[PDB]
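Below is one structure, written out as structure tokens; comments come after it.
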Amino acid sequence: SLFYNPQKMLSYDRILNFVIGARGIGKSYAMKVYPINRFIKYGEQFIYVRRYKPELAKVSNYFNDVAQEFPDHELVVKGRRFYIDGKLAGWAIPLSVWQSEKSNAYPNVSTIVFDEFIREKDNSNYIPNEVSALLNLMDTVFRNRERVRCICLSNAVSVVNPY
DNA sequence: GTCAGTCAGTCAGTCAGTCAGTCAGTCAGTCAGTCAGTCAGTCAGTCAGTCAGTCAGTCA
Ligand SMILES: Nc1ncnc2c1ncn2[C@@H]1O[C@H](COP(=O)(O)OP(=O)(O)OP(O)(O)=S)[C@@H](O)[C@H]1O
Ligand SMILES: [Mg+2]
């Protein structure tokens, strides 16, 4: 039809979804809307992993394209941290130092709100055995079997990546 | 005892068979003379910790 449509993805309800495609074509649109939809339902905060640190200095305008989705309530960023009507929205950090984070309490998670997990022809960015790095990330955002649902999202379809 | 001979040994003659030098393709051998990926240094650039400069939340 018109845009990226996560309805079937949300429907078939894997505890861990895995979608690919639509480079910039809303593959991030609906999935950045969804955490704020959980916030309007008043659920839990989300976790935003980043590939590296400079990628963080410019990305504070993460809610610009979801206002036209939900003009109603307040969706802003105070700085590094995201605030919806002033309540904490996203725990936003690149990869380098998640270990120092992993002793902190992380009681509230809603959904995986990152994409371009893996870039085509890009392994200089990569970290050795980062598949187990995502394992540490998930177990340090797990408290039970609930509150979490994950997605992968690569720009294109390949059959060579280790995952 | 002459005329001089007319059917076997005899020697003038081969006559196809014979040995083995002598070049000879040729033989893969081979070993060595040519040549094609292999790595080390150095060139440009990616990480994630510094400096250390600065608009600004709690106060004079
Ligand atoms: N529900 C929607 N309403 C309007 N536009 C949408 C919708 N879903 C997707 N889009 C389109 O998606 C675009 C932005 O999507 P993105 O968030 O960039 O997706 P993306 O594929 O992650 O690209 P990047 O690399 O993350 S910026 C918009 O400009 C629209 O063209
Ligand atoms: Mg995206």
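How things are named: the first chain in the structure tokens is A, the next is B, and so on; residues count from 1 in each chain; ligands count from 1 in the order shown.
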Give me, as CSV, each residue of chain A that comes within 8 Å of ligand 1, together with its shortest interatomic pair and the distance in Å at one decimal, counting only C-alpha atoms and all ligand atoms, with rows ordered by chain and rising residue number.
residue,atom,partner,partner_atom_place_in_ligand_line,distance
A:2,CA,ligand 1,7 (C),7.8
A:3,CA,ligand 1,8 (N),4.5
A:4,CA,ligand 1,8 (N),4.5
A:5,CA,ligand 1,8 (N),6.8
A:21,CA,ligand 1,21 (O),7.6
A:22,CA,ligand 1,21 (O),5.1
A:23,CA,ligand 1,21 (O),4.3
A:24,CA,ligand 1,23 (O),2.3
A:25,CA,ligand 1,21 (O),3.9
A:26,CA,ligand 1,15 (O),3.1
A:27,CA,ligand 1,21 (O),3.6
A:28,CA,ligand 1,22 (O),3.2
A:29,CA,ligand 1,17 (O),3.5
A:30,CA,ligand 1,8 (N),5.4
A:31,CA,ligand 1,17 (O),7.9
A:32,CA,ligand 1,17 (O),7.2
A:65,CA,ligand 1,14 (C),7.1
A:68,CA,ligand 1,3 (N),7.8
A:69,CA,ligand 1,3 (N),6.9
A:115,CA,ligand 1,22 (O),6.4
A:116,CA,ligand 1,25 (O),7.2
A:155,CA,ligand 1,21 (O),7.7
- Item | Near-residue 118 of chain A list (10 Å; only C-alpha atoms (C1' of nucleotides); drop same-chain fewer than 4 positions) as a PyMOL selection string | chain A and resi 51+122-123+125-126+152-156+161
- Could you list, as a PyMOL selection string, the residues of chain A having an atom within 9 Å of chain B when counting only C-alpha atoms (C1' of nucleotides)? chain A and resi 52-53+96+124-125
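For the pair atom CA of residue 35 of chain A and atom CA of residue 113 of chain A, the separation is 7.2 Å.
Distance check against ligand 2 using only C-alpha atoms and all ligand atoms: of A:75, A:160, A:135, A:151, the minimum falls on A:151.
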